[PDB]
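A short write-up of the structure that comes next.
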Amino acid sequence: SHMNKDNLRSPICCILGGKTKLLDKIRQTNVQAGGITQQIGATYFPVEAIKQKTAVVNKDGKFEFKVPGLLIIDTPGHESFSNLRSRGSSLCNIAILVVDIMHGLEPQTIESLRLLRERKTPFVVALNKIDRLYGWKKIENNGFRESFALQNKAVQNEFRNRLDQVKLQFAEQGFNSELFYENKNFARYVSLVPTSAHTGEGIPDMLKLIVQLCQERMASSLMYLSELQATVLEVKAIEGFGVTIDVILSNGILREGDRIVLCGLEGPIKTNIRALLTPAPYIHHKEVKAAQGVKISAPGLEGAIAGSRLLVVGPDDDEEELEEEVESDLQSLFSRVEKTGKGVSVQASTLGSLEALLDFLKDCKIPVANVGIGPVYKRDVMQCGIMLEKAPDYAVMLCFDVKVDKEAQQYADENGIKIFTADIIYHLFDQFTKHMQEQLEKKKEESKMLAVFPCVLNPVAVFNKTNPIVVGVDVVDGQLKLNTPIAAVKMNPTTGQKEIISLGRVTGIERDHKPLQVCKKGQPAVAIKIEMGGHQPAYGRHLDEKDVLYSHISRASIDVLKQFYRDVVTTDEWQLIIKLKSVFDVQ
């Protein structure tokens, strides 16, 4: 239908990855009426081109276009998600993930999927390589449904089978998917678009779907507007122009000489546009209009942050207010730290990658104490260092797609700071959890050593005076367990101070040559072997049979029992613990 002023500016979409073949098949045209533009970091398709490439799925012409063009960003990475999520449409309105129908779902696609869901970016899936089905009769550049009706029962069955299998793969990952012309709810179901970059089959359906979804669901995003919308897509060093910035012009005009402000590493950048560059069939322009992928040459773009907004200062404008306004996003990222001061340190390459890392970590309930953009330096590493006292566990850095300075790494190694780096978030999660697992295992072993049960031992005999010590004792109170540290306690009458004598830990308990694990009170005497790595005091020289022996409990020891063994320990054992607190001078 037609509503009053229902026409919208051209939407932006990107493909992530069989990707390159697919983009190549899309760009393919016999026209040289048609017309397709190559832009900096992108490819523009005028409406006529789309009409042409969608005609076969639109025989009647009933589908109405309300956009002038489609802009497709072609980058090898996540550049279309460099800005903050709120502003995301400025870089991308909708994405496409490519999945080999022959080979099924793959890890990379799953990562992109999770990231896409996290950013709340709308997307569709191109189910590629359908010509590889056994018995596929291809019709070049035909609509999918059409070619599908022309197939034999066996190949229709093969397609249905492989489709059910891929759907099952999506399901096993927590994604609901449906063939696009069978999708009842786009909000809850991923759309599947069968494609063939080889034969061009499915592609018209796919373009028409992109445009349709953008027109019917994102019209609010795409409305003509008065203000400038320009976003830094990339930062690229170019010979003859130094460090340039690649900008996506969503809306409005840019001119040579314009005063511009943007987010920099060390703070707001104020500069002038030396040159507006487009790819050679580089050609300079006095000005550019949306929708445009444009390169910008200007002094002082070193340390420009990808994902930053581009702001042009008019004569009647406050430059400083615009600086604040453009640094505000990055600042809103910086303010995302725990007030407790306990947490890990993160570093990310762009605004959006940082926001994504922070959103993910927050969702994983992992505390962050320090955040930053760009390469890692010693200073960052020290701020992390504070963690070592504050929280030993959290003294690690999660670094996404960012270089690590030699001295930073050196200081880190010297001080026990772990710097984890990855070009994918979930791997940073992996390294972190591995680290925490190690720390816990360490803690559980230290706890095991400290799990001392209470006992009092009365010596009946001495069999080996030392190295190891072997004594026949009577368990008069509590229970003696293996690995119990044993101490004697002697009071000097003159000094009035106690002399604690540690004997080591019980490695063997035996009655009449029979092995025993424990010996409770009242049970007959036992011979116990107490050995320690350190030199062990001789019974004859510093000891007497007369001297009584107690389980060497510690305040640390007592704490461990309360924390984990409360279910296990008895009441009389607790009383004995208190008495022993008295004997070992413990508060």
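Residue numbering restarts at 1 for every chain of the structure tokens, chains are lettered A, B, ... in their displayed order, and ligands are numbered from 1 as they appear.
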
Next item on the list: Taking the chain letters and numbering used in this document, name the residues of region 487-544 of chain A that DSSP puts in alpha helix (DSSP H), as a ChimeraX atom specification.
Entry: /A:539-542

Next item on the list: Pick out each residue of region 199-324 of chain A that DSSP on the backbone tags as strand (DSSP E); I need them as a ChimeraX atom specification.
Entry: /A:229-238,242-251,253-255,259-262,269-272,275-278,283-285,287-289,292-297,311-312

Check: Which neighbours of region 32-34 of chain A fall inside 9 Å, counting only C-alpha atoms, when residues of the same chain fewer than 5 positions from it are skipped, and could you give them as a VMD selection string?
Finding: chain A and resid 45 to 50 52

Excluding region 15-23 of chain A and residues on its chain fewer than 4 positions from it, collect all residues at most 7 Å away from it, counting only C-alpha atoms, and give them as a CSV table (one decimal) with N, CA and C atoms, in the first residue's frame.
chain,number,residue,atom,x,y,z
A,27,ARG,N,26.9,-9.1,-6.6
A,27,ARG,CA,27.5,-7.9,-7.3
A,27,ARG,C,27.5,-8.2,-8.8
A,95,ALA,N,21.7,-8.2,9.2
A,95,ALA,CA,22.8,-9.0,8.8
A,95,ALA,C,22.4,-10.3,8.1
A,96,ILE,N,23.4,-11.0,7.5
A,96,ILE,CA,23.2,-12.2,6.9
A,96,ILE,C,24.2,-13.2,7.3
A,97,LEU,N,23.8,-14.4,7.8
A,97,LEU,CA,24.8,-15.4,8.1
A,97,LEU,C,24.7,-16.5,7.0
A,98,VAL,N,25.8,-17.0,6.5
A,98,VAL,CA,25.8,-18.0,5.5
A,98,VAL,C,26.1,-19.4,6.0
A,197,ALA,N,25.2,-19.6,-4.5
A,197,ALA,CA,26.1,-18.5,-5.0
A,197,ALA,C,26.6,-19.0,-6.4

Taking only C-alpha atoms into account, produce a table as JSON lines in which each residue of region 281-353 of chain A with an atom at most 7 Å from an atom of region 225-234 of chain A appears once, together with its shortest atom pair and the distance in Å to one decimal, ordered by chain and rising number.
{"residue": "A:306", "atom": "CA", "partner": "A:234", "partner_atom": "CA", "distance": 5.2}
{"residue": "A:307", "atom": "CA", "partner": "A:232", "partner_atom": "CA", "distance": 5.0}
{"residue": "A:308", "atom": "CA", "partner": "A:232", "partner_atom": "CA", "distance": 5.2}
{"residue": "A:309", "atom": "CA", "partner": "A:231", "partner_atom": "CA", "distance": 4.6}
{"residue": "A:310", "atom": "CA", "partner": "A:230", "partner_atom": "CA", "distance": 5.2}

Store the residues picked out above, limited to N, CA, C and O atoms, as a PDB file, in the first residue's frame.
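Below is the file that was written, again.pdb:
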ATOM      1  N   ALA A 306      37.491   3.289  16.221  1.00  0.00           N
ATOM      2  CA  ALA A 306      36.469   2.750  15.329  1.00  0.00           C
ATOM      3  C   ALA A 306      35.162   2.584  16.096  1.00  0.00           C
ATOM      4  O   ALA A 306      35.159   2.149  17.251  1.00  0.00           O
ATOM      5  N   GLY A 307      34.052   2.942  15.460  1.00  0.00           N
ATOM      6  CA  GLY A 307      32.767   2.922  16.132  1.00  0.00           C
ATOM      7  C   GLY A 307      32.348   4.297  16.617  1.00  0.00           C
ATOM      8  O   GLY A 307      31.184   4.516  16.957  1.00  0.00           O
ATOM      9  N   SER A 308      33.293   5.231  16.651  1.00  0.00           N
ATOM     10  CA  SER A 308      32.993   6.584  17.100  1.00  0.00           C
ATOM     11  C   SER A 308      32.046   7.287  16.144  1.00  0.00           C
ATOM     12  O   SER A 308      31.983   6.956  14.958  1.00  0.00           O
ATOM     13  N   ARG A 309      31.278   8.226  16.677  1.00  0.00           N
ATOM     14  CA  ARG A 309      30.437   9.087  15.865  1.00  0.00           C
ATOM     15  C   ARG A 309      31.273  10.173  15.215  1.00  0.00           C
ATOM     16  O   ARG A 309      32.326  10.540  15.725  1.00  0.00           O
ATOM     17  N   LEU A 310      30.804  10.693  14.092  1.00  0.00           N
ATOM     18  CA  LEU A 310      31.470  11.817  13.463  1.00  0.00           C
ATOM     19  C   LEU A 310      30.580  13.034  13.582  1.00  0.00           C
ATOM     20  O   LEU A 310      29.425  13.011  13.178  1.00  0.00           O
TER      21      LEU A 310
END

Next item on the list: For residue 544 (chain A), work out the shell of residues within 10 Å, counting only C-alpha atoms and skipping chain neighbours fewer than 6 positions away, then give it as number ranges by chain.
Entry: A: 459, 462, 488, 538

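The smallest atom-to-atom distance between residue 89 (chain A) and any of A:14, A:450, A:480, A:530, using only C-alpha atoms, is found for A:14.
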
Note to self: Env of region 314-323 of chain A: 7 Å cut, atoms = only C-alpha atoms, seq-sep filter 3 positions within chain, self excluded. Answer as a VMD selection string.
What the structure shows: chain A and resid 261 268 326 to 327

Note to self: I'd like the contact shell of region 359-374 of chain A - 9 Å cut-off, only C-alpha atoms, skipping same-chain residues fewer than 2 positions apart - returned as an NGL selection string.
What the structure shows: :A and (118 or 265 or 303 or 305 or 330 or 333-351 or 354-357 or 376 or 380 or 383-384 or 387 or 394 or 401-403 or 425-426 or 429)

Note to self: Here is a test: counting only C-alpha atoms, which residue of A:404, A:395, A:511, A:210 is nearest to residue 378 (chain A)?
What the structure shows: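 Residue with the minimum atom-to-atom distance to residue 378 (chain A): A:404.
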
Notebook entry, point to check: When distances are computed from only C-alpha atoms, which of A:110, A:501, A:311, A:558 shows the smallest separation from residue 586 (chain A)?
Noted result: A:558

Check: Which residue out of A:324, A:585, A:79, A:246 has the minimum interatomic distance to residue 298 (chain A) when only C-alpha atoms are used?
Finding: A:246

Check: So, counting only C-alpha atoms, which residue among A:145, A:184, A:195, A:517 is closest to residue 133 (chain A)?
Finding: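 The answer is A:195, which sits nearest to residue 133 (chain A).
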
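Checking A:218, A:353, A:258, A:157 one by one against residue 78 (chain A), counting only C-alpha atoms, you find the shortest gap at A:353.
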
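If you look at CA of residue 202 (chain A) and CA of residue 40 (chain A), they are 27.5 Å away from each other.
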